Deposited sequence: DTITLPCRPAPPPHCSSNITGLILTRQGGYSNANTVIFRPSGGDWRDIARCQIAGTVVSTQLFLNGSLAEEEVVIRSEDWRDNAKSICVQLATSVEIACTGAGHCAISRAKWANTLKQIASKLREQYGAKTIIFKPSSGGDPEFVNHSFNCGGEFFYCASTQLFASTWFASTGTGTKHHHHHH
């Protein structure tokens, strides 16, 4: 079972990557903490210092991985205007069919989100972690976007962030 993300334009099959991390924004303002994919600009993404040569949004593609467990970093955990950089210990493949979709193992992604929620729980001391879609922004930032071979591709990521974790 795979999460089939719609993408435009259709990414060639050789543009498949390994998701090595992502960047989150905590919801501002019920004992729950809500996170969404970061809508921050390129400079904000670069500050995580876990990317590789591939430029992408909401998800680091072909970047660096942590050693043993997921590592979450933030300049200020209590500042919702500061991004949360998440570095995965094990990457998550996103295989693009070339027919307008890129697929991700749903069980792998759920296990990844569960680990991220565990690290967020020990950081915010909470009991419920919720992932929700992007609040909005320009097309490159509201969608999971990336540069492959000099061409920009846009994949809707709403399926990747809509879930609850206790």
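J.: Relative to the deposited sequence, which regions have no modelled C-alpha positions in the structure?
T.: Absent from the structure are positions 30-32, 170-183.
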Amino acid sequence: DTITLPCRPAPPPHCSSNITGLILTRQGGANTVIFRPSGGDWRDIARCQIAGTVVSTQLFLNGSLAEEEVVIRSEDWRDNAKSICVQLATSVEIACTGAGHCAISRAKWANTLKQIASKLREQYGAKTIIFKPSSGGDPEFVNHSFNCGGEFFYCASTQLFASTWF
From here on, numbers count along this sequence of modelled residues.
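Heads up, when I say rigid core I mean the largest set of C-alphas that superpose within 1.5 Å between the two forms.
J.: I'd like to know which segment deviates more from the shown structure in 4 other deposited structures of this protein: 42-50 or 132-140, using C-alpha RMS over all structures and residues after a core fit.
T.: Between 42-50 and 132-140, greater C-alpha deviation in 4 other deposited structures of this protein belongs to 42-50.
J.: State which stretch is farther from the displayed form on average in 4 other deposited structures of this protein, 63-71 or 33-41, counting RMS CA distance after fitting on the rigid core.
T.: With the rigid core superposed, the C-alphas that lie farther in 4 other deposited structures of this protein are those of 33-41.
J.: Read off the CA B-factors in the entry, average them over 13-21 and over 154-162, and name the higher stretch.
T.: The stretch with the larger mean CA B-factor is 13-21.
J.: Given the B-factors recorded for C-alpha atoms, which segment has the greater mean, 122-130 or 102-110?
T.: Looking at the record's C-alpha B-factors, the answer is 122-130.
J.: Which is it among 27, 56, 38, 49: the one with the largest CA B-factor in the entry?
T.: Highest C-alpha B-factor among the listed options: 49.
J.: Split the chain's modelled residues into thirds by Cα B-factor; is residue 117 in the lowest, middle or highest one?
T.: For residue 117, whose C-alpha B-factor we compare with every modelled residue in the chain, the answer is the middle third.
J.: Can you tell me which third, lowest, middle or highest, the CA B-factor of residue 65 falls into for its chain?
T.: Middle third - that is where residue 65 ends up once the chain's C-alpha B-factors are sorted.
J.: Sort the modelled residues of this chain by their C-alpha B factor and say whether residue 87 lands in the lowest, middle or highest third.
T.: As the PDB entry reports it, the C-alpha B-factor of residue 87 lands in the middle third of its chain.
J.: Can you work out whether the C-alpha temperature factor of residue 81 puts it in the lowest, middle or highest third of the chain?
T.: For residue 81, whose C-alpha B-factor we compare with every modelled residue in the chain, the answer is the lowest third.
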